[PDB]
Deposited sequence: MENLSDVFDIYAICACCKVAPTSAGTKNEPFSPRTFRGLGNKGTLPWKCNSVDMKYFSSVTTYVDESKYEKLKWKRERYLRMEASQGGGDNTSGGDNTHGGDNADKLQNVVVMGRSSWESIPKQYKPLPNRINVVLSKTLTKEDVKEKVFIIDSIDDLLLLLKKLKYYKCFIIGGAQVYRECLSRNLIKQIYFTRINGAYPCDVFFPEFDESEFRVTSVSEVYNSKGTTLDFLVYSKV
């Protein structure tokens, strides 16, 4: 079956409009995807957005002890048929991991997993899991008790995961504001996904935003 579903590999990200420039063949003033701004100069285009911050925090930390049991079976089941506290898992590439003020790493109540090949335990003192590659990621999950695995960045981790059909659902936030960006959310065959949750329009500091949730067909 689908690994993505078996291990509930959901992806969450936040994008904003892209502030143009007056130079470069990279300018896409008419890109069909209005919200593709992911990062810039190693950080978030926008300013710490309180709301999304809260949203992201909420969603990635929420766990339902009961509903878990079902998932417990699903995985076990697959595990065997293949062989023939309770927190969520967060996963991020080195970049985004560094892009975080140490004072917030690792992320609380969440099993942190950093994807990288240039990091070692001697280097990372935080209590996190250092993964070699998506494959290991899978191997890791297989033997790990958690609610749902989350992919919180960055652009490469998304792409890779998407290209391998490892994303069950995507929690896509949208920040209505243009900001200079050098990193953008990767493309994919959206055909397999259908929006399942469209939140209302929220407001903060004067910048609008909303939350979407696309699911695999």
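Absence of C-alpha coordinates is noted for several segments of the deposited sequence, namely 1, 86-105.
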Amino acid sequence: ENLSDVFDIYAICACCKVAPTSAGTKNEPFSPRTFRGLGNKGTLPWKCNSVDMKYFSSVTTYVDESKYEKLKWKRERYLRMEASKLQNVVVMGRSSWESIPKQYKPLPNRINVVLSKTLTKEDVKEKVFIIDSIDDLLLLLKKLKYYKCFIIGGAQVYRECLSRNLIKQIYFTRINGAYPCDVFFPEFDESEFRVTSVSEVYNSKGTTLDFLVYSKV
From here on, numbers count along this sequence of modelled residues.
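Between the stretches 68-76 and 103-111, it is 68-76 that shows the larger average CA temperature factor.
Comparing 22-30 with 169-177, the higher mean C-alpha B-factor in the PDB entry belongs to 22-30. Highest CA B-factor among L86, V91, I131, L138, as stated in the entry: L86. The deposited CA B-factor of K47 belongs to the highest third of values across its chain.
In the deposited entry, the Cα temperature factor of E192 places it in the highest third of its chain's modelled residues.
Ranked by C-alpha B-factor against the other modelled residues of its chain, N40 falls in the highest third. Ranked by Cα temperature factor within the chain, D8 sits in the middle third according to the deposited record. Per-chain ranking of the deposited C-alpha B factor places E126 in the middle third.
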